[PDB]
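Form deposited in one PDB entry, single chain, as structure tokens, below.
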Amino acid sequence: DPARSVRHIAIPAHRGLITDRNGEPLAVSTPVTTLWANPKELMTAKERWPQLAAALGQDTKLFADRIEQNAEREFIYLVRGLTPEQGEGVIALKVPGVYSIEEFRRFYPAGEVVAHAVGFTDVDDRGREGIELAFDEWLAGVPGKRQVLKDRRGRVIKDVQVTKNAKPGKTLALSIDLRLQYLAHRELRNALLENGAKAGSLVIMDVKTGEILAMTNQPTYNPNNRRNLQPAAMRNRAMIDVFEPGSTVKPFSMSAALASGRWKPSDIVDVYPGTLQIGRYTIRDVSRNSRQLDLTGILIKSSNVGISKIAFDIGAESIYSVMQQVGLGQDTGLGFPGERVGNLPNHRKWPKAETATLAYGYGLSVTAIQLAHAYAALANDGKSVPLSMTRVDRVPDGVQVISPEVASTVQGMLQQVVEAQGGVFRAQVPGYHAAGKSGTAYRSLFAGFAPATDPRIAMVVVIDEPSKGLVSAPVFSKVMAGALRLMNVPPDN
């Protein structure tokens, strides 16, 4: 066994602050007191063990067995993450081989409100979920290194040289607006209670900048206290759960219809008697007392038959192209851990059955983020701005995916879906014109944007297994109203 040893050892770096877009702290690295021991030194001071064990709330015998078992180690932890005053009280004992150190632990000041977005670090302050993992290299910084001389029992008797100072991690400003985040969190929670639903998501996006202003899910968890958390509660459902968007994609089917040269909003489709047979398969409407409907009526009534007949006429290829160009079934580029791409199925040739099902959003799988990004493109006069969960100062060039005239026309149809007789009146936003589309899948969807005249915000509300299909619209109304007021958006109604 050696009389001495030398070791280059790490100087830990301070992990970068995560903030919201206005500098509100979301993840902060705080100094904690850690008590450790050198067993080889402890072994010389056995009469001190019971007082030390007692000061660590350990049974004397369990503690003594642990030191005896680790007799040839030179390091063990006693307890991590104390108060300065707490460790002081144990160092006050002056037990040979017992040492306090100040290390870094994450605190999450908004806790459950932004847990799924921010994620969290492990005991070693390494990113393990969410933004913490996705931007770990950015946030982590670079350990320093220093040389120590140790005696026969491995205690440090000299600091020899620092070869490298630690470099702190970098601040990261998310796209999240904490004020919008708290409003969405509260309103989604209250909606689940009032509707006896057990899960849900709500996304708010800036249609001009591609920024995710809010992303909240239920259930959630306190990242400051992860004791015995149900794994369901840690799911960022908005990014990692896929669902069938159903009626919510009909505005993309209509976009292809209006681009085709073959359809204007005043054109009529006969949907009588509210069913349509396709070989063995029958398309069924929810309401079945219509004959002639104009294209705006097809959206207000959300006629499956009506959108199917339009799709037969223009062809599935036109609709598939719009859906792909607005990002359905496509990588968002966000690199969020576990983020899903979902599924926009293709065919070399589209028979009638597959054509219809595409047109009314059956057999597709999207995330709430993808559906919000699609609505954002439609709201932004047909131009898709790339998504960001970090603050955007320099907005990248968007891609024109729907002609501005067609997008403008579809916006107007979606304003009627909210505002017109027979429409989703509970999605109406006080002081503003709003636009959007419901969907019903045991699952309630609402997607939309406001103000309808000069749109600023897209929003998706998803409510899982309510206990009564239109539980999502009033949530859109409340959260859109609050978000537009917080953003000083001038009323347009």
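One rule holds for the numbers: they count along the sequence shown, beginning at 1. Throughout, rigid core stands for the largest set of C-alpha atoms superposing within 1.5 Å between the two forms.
Gap between residue 61 and residue 62: none; every deposited residue in this span has coordinates. Where residue 441 is followed by residue 442 in the displayed chain, the model omits 10 or more of the deposited residues that sit between the two. If you average the C-alpha B-factors over 388 to 396 and over 72 to 80, the higher value belongs to 72 to 80. Remark: stretch with higher mean C-alpha B factor among 483 to 491 and 4 to 12 is 4 to 12.
Within the selection 177, 419, 285, 122, the deposited Cα B-factor values reach their highest point at 122.
Highest C-alpha temperature factor among 369, 328, 166, 115, as the PDB entry reports it: 166. Among all modelled residues in its chain, residue 431 ranks in the middle third by Cα B-factor. Ranked by Cα temperature factor within the chain, residue 87 sits in the highest third according to the deposited record.
Ranked within its chain, residue 309 lands in the lowest third, by CA B factor from the PDB record.
Among the modelled residues of the chain, residue 473 sits in the middle third by CA temperature factor in this PDB entry. Residue 40: CA B factor lies in the highest third for its chain, per the PDB record.
FYI, the form deposited in another entry isn't displayed, but the following is about it.
Taking the core as reference between this form and the one not shown, the lone member of 321, 275, 190, 163 whose Cα moves by 2 Å or more is 163. Residue 28 is not among the residues whose C-alpha shifts by 2 Å or more between this form and the one not shown once the rigid core is aligned; its shift stays under 2 Å. Remark: with the core as the superposition reference, the CA shift of residue 150 between this form and the one not shown reaches 2 Å or more. The Cα position of residue 456 differs by less than 2 Å between this form and the one not shown after fitting on the rigid core.
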